[PDB]
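Chains as they are written, first to last, in the deposited numbering: chain A, 10 to 108; chain B, 10 to 255; chain C, 207 to 255; chain D, 1166 to 1214; chain E, 219 to 467; chain F, 1 to 412; chain G, 867 to 1015.
Just so you know, even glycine gets a beta-carbon here, dropped at the ideal spot from N, CA and C.
Okay, so here's the structure we're looking at.
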Amino acid sequence: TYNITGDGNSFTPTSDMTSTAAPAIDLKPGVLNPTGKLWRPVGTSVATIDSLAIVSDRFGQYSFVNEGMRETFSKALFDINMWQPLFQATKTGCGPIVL
Amino acid sequence: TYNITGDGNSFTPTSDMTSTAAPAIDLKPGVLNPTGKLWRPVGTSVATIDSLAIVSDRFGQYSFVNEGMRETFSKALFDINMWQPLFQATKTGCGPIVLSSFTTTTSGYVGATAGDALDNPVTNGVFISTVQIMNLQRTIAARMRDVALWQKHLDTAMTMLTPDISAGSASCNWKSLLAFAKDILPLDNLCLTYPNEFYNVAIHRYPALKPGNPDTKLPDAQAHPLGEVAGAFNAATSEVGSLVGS
Amino acid sequence: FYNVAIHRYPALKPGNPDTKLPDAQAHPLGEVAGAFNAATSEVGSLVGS
Amino acid sequence: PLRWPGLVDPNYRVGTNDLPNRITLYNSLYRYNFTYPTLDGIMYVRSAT
Amino acid sequence: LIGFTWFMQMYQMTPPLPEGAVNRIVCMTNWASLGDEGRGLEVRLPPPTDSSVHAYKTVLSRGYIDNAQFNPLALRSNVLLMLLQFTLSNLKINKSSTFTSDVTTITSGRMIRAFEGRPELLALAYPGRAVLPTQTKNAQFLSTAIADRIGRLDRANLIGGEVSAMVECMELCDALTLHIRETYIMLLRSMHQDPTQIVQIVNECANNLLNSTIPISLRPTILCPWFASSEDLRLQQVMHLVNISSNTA
Amino acid sequence: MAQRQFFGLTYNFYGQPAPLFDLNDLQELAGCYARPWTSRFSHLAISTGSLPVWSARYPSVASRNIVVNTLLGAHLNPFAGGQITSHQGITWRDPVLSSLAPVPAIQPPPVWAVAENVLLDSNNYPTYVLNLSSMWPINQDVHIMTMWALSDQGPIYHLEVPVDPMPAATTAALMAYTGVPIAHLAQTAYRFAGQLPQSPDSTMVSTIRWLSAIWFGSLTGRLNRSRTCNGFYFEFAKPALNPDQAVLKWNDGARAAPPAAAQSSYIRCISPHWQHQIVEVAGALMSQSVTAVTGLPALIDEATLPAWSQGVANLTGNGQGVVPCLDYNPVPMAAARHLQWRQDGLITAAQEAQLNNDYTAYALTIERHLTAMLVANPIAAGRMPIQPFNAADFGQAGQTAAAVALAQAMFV
Amino acid sequence: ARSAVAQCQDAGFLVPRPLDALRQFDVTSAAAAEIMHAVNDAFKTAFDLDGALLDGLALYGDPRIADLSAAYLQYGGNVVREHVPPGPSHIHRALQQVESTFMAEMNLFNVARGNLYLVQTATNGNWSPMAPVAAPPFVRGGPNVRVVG
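Here's what the structure looks like:
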């Protein structure tokens, strides 16, 4: 970081550069899905195709992750990252999550 | 292209084939992102992982391109393409852009913050430049403003005896329709100067409509352009009116 | 605050960091979304319409 | 002509063949030979120095 | 007029093509190849007219002393080892040549091979050496070809004295054989050790006792085929272990 | 040569009121020869008998290079004036410069005007042109000389990548090099240029150019066992260590992607440490010999050059070709090469590479401090047997980033 | 030796089988041996290798060689298998390539492909048995003709 109280700094507001952040994101239910939950051929070898049990919802192994949701969510994490030096300085658990 | 003033041409407005184009697209900020800007291990070899500098924003190498935005944008370009013969004839810089050329290789680290980006390297993907998007957009906007008269004129036709059967199916002599159109329509219209183009375009947009006589053998088809897809969703089903609607 | 501001608002440049080069044309990602809110030759706002 | 493409066709590199289809008659040959020397080295008592 | 009457001299246009009624390609490993001696493993075919059956009496024939006849069911067999032999008999470092100008008072210039010992098969070596006879099938071929192609085209010029790495000269040669030998000579080259390495090697092995300092000169035309993979030695020594098979001897 | 490009930039005076030579030492150096920079120099410098670790007048191999530059710079420049302004102690024996005498003969008419920095333009020298065939060896020197004088740092070198244009002949003949280290190949490869005016459109030029690409891409890491240009690539014998030598291997199989239309680039080693990195030096010599036969594309931008070497006829360009610097110090290179391999899963993620690094930095420090202290050693006299030191040069910024990205690019 | 043999019998060693149409019986252990001994020998002679304590002993029991490798067995239930691969095979590549070419130029090696017909032909004006025109071939489902094997 740089001393703010210096010379050379431009004050150029342009149409091109219209303020924006990420204020809110789409979280429509419909939109949450993509898609398939992950399963297994009972639990035995490649024979039981006829039968599937869901993977370990128990504490882990769930569905195929929402491509969009991943991409979105990671973006969201980046908002916080915009303030990383400040978070860090505030000692407020700053450490970038890594989704 | 085919002589418009021929025989064989169907006037079949169906629910199935509800007019549509691409009037506007989603450009929500939120939606612009996907995602990671591309960076580098200082600039030296594979050691400096601890440190990243952004690639050349200077004039090129930017972020990993928005998959959705690419896909979207390319579609947009296709709108203009719908009128390519006409653009060309108007000598108005017609030459189809090919967005893909703009989407240039970026190779290194992907992340939102230096933080995050440190962890993830993504070799030989793609970016787009501020500059480039500037000039790309510029073109698209220009294209649109060139068509602004055409759109209107096209619309007029389409309402002056409206081919829109939102429910079921209608049929009548296109010839009959066409000739009364040209007997009634204002002379000052662009439609009367450009009959051949407008009709072609119309046909290209409205699967509901068939060419004149191109091969009077086969003037009609069941495969039209992409349109179709979007149309099926606006078409009334057994239990619902409109899917999009509800 | 300023740092952050600068990081969000490409429209703004740092103080004196290298008075040589305080200014740049490449900023963060922002840009992209901004181009779509910026008025063109034939339209106001693309998103808008 | 096919058996003699390198000699007969000007448009072709002097090497080139047409394999596995045709065995060329006339290829730009390479004449090779080396020095095959005897191993003449001097031995000196390392550790002891 | 057979020959070009050049005043008080005759230039006898020695036919570059077989001047036959019938002429057939016939496999003959190293027919014209007068080298160090020869492999022995010469895959020698008779003319089709004669009984080529000899060539095939290799494998299952132990039993059936039928000189006229081959066992058909063992054909693939027969042919596999034959091919092997054709390969083997053709594995040779095709030595660097001496090249001259075209001394003969026809069209002087061209750079030609100085054939092994005597200038024998020159007409065949170099189609282009044959001037211009009459209006024949032979001639129609010659007619169709360009002169330029016959001979030395490019010789590794950069020779410490005149140790060539390659002479690029187009001649009568078989594309196949050629390609064979090139991959053989590749093999060899890859095997190139430097005496430098060897120093370090041997020395290290000696536990520091000895230094086998090797002088060497700046000569790129040296060939040392020695370097191997651990893989090669392991597999060889596998054999050697098998070799033992509970025989103490 | 066939082409009207007889251009050689003299090396500028490093604060000194003089070209950086010593008359005594240059005379002394003429012990087995008399010609300018020929094979003879190179085979003593990079001998089959010796590599003299800090020689009394010549601290490194590079030292020899730098002096050679300044030598030519002084008395060779006379020649480019349309009459041979030949004297200054020394003087050319003969109109075609074929040897030097340290003293004028019976006829001393040839004046010398007090020379500064000049572009040796043999094109304007009737005699030269007259016998291009024989004069040819000078042309080789002039260009390489230039590539030490255009800038204030270690070699300016050009790079080239084709696409599918490696025809049967070439690819074949490149197989003969399998097992030969650049170490040796350099010497032979160099002598090539000397030999005769060949053809621009020939196999020679293609090959050398291609080899150079192999060496760099290997050096950097992005080419390797796993990422081969049709088997082709160097193994740096001992990896990421200071003592690393490049040996050609054909690692069949995992073959790198055909690039988009072509590639061209420049590089410069911006560290005095290149003075003990014989390899990279020989590199640029090699490729400058290719230059001698070719019309080198993509001119170098003004900004990227030092003060003194600004606004240079042939050289200065706008929308042309930049000189990225280098890794410059072997330690960076290490890292790169190791993280290729780690990403690859060629080798242990956190074991060997850390070993190399540590040793390499050790090694560094020693050679570095030595080289540098000995650059201190000059003082006052009109010699300087070595390229100057700057504290800045020990930096690690110098277009590292850029270089990495480039090599990355290459694989595809 | 691997590659060669694998064209003699139905083996799942990794190689295409170009010469599949050329007559050959499916060889046994014993037979394979015999051929292989030839192979062996040729190699010997070619390279001046007179020591029979080289390659010899490779055919001493099931010479159905595919993946020659060695191991150690430890009493604590475990085995250490060293599978030692060969990499480059220039000879082998040249052999293969020779085959590929062979596939098209078989006549050069006095291997002619087809069949014969025995047909009453007497005439002043006839080609050669090596130049057929259309008629010598026949079909199963031809009027009046009968096709037996």
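Asked, Found
"Could you tell me which uninterrupted alpha helix (DSSP H) segments, each at least 4 residues in length, are contained entirely in the region 386-455 of chain E, listed from first to last along the chain?", "393-408, 413-423"
"Could you pull the start and end residues of the alpha helix (DSSP H) that residue 280 of chain F belongs to?", "278-291"
"Compare the Cα-Cα distances from residue 368 of chain F to each of F:355, F:394, F:377, F:344 and report the closest residue.", "F:394"
"What is the rounded straight-line gap between the Cα of residue 318 of chain E and the Cα of residue 333 of chain E?", "10 Å"
"At a Cβ threshold of 7 Å, is residue 98 of chain A touching chain B?", "no"
"Where DSSP assigns a beta bridge to residue 372 of chain E, which residues make up the other side?", "E:386"
"What number of angstroms, rounded off, separates the C-alpha of residue 126 of chain F from the C-alpha of residue 96 of chain F?", "10 Å"
"Is the distance from the Cβ of residue 230 of chain F to the Cβ of residue 209 of chain F below 7 Å?", "no"
"Quick check on the DSSP output: the beta strand (DSSP E) that includes residue 1192 of chain D runs from which residue to which?", "1191-1196"
"Can you tell me whether residue 200 of chain B is buried or exposed, with buried defined as 16 or more other CB within 10 angstroms of its CB?", "buried"
"Taking just the CA atoms, how far does residue 147 of chain F sit from residue 1203 of chain D?", "41 Å"
"Can you find a C-beta in chain A that's less than 7 Å from the C-beta of residue 124 of chain B?", "yes"
"Establish whether the CB of residue 153 of chain B and some CB of chain C are separated by less than 7 Å.", "yes"
"Which same chain residues end up closer than 7 Å to residue 197 of chain B when comparing Cβ atoms and leaving out the 5 residues on each side of it in sequence?", "none"
"Is there at least one Cβ from chain I nearer than 7 Å to residue 376 of chain E's Cβ?", "Among the protein chains in the structure shown, which are A, B, C, D, E, F and G, there is no chain I."
"For residue 370 of chain F, which of helix, strand or coil comes out of DSSP?", "helix"
"Span of the beta strand (DSSP E) holding residue 948 of chain G?", "944-948"
"So, is the C-beta of residue 1195 of chain D closer than 7 Å to a C-beta in chain E?", "yes"
"Closer than 7 Å, Cβ to Cβ, to anything on chain D: give me those residues from the region 946-980 of chain G, in chain order.", "966, 967, 969, 970, 971"
"Looking at residue 249 of chain C and the ligand ATP, is the gap between the Cβ and the nearest heavy atom below 6 Å?", "For the ligand ATP, the structure offers nothing, since it holds no ligand at all."
"Give a yes or no on whether 7 Å exceeds the smallest Cβ distance from residue 937 of chain G to chain E.", "no"
"Counting Cβ pairs closer than 8 Å, one from the region 96-104 of chain B and one from the region 112-120 of chain B, do we hit at least three?", "no"
"Note down, in chain order, each residue of its chain lying with its Cβ closer than 6 Å to the Cβ of residue 17 of chain B, except the 5 sequence neighbours on either side.", "222, 225, 228"
"Counting only Cβ pairs nearer than 7 Å, list the residues of chain E close to residue 889 of chain G.", "290, 291, 293, 294"
"Does the CB of residue 168 of chain F have a neighbour CB from chain D at under 7 Å?", "yes"
"For the alpha helix (DSSP H) holding residue 46 of chain B, just list the boundary residues, first then last.", "Not the alpha helix (DSSP H): residue 46 of chain B falls in the beta strand (DSSP E), residues 46-50."
"Once the 5 residues before and after residue 37 of chain F are set aside, which same chain residues still bring their CB inside 6 Å of it?", "68, 141"
"How big is the Cα-Cα spacing for residue 30 of chain A and residue 100 of chain A?", "24 Å"
"Using CA coordinates, which residue listed in A:44, A:50, A:14 is at the minimum distance from residue 62 of chain A?", "A:50"
"Take the Cβ of residue 24 of chain F as the centre, count every other Cβ of all protein chains shown within 10 Å, and call the residue buried at 16 or more, exposed below.", "exposed"
"Report yes if the C-beta distance between residue 18 of chain F and residue 157 of chain F is below 7 Å; otherwise report no.", "no"
"Spatial neighbours of residue 1173 of chain D within its chain, please: CB distance less than 8 Å, with the 5 preceding and 5 following residues excluded, ordered by chain position.", "1166"
"Opposite residue 250 of chain F in the DSSP bridges: which residues?", "F:232"
"Determine the direct distance from the alpha carbon of residue 1004 of chain G to that of residue 987 of chain G, and round the result to whole angstroms.", "16 Å"
"How close, in whole Å, do the beta carbons of residue 263 of chain E and residue 976 of chain G come, if the pair is a contact with beta carbons under 8 Å?", "6 Å"
"Is the Cβ-Cβ distance between residue 387 of chain E and residue 1194 of chain D less than 7 Å?", "yes"
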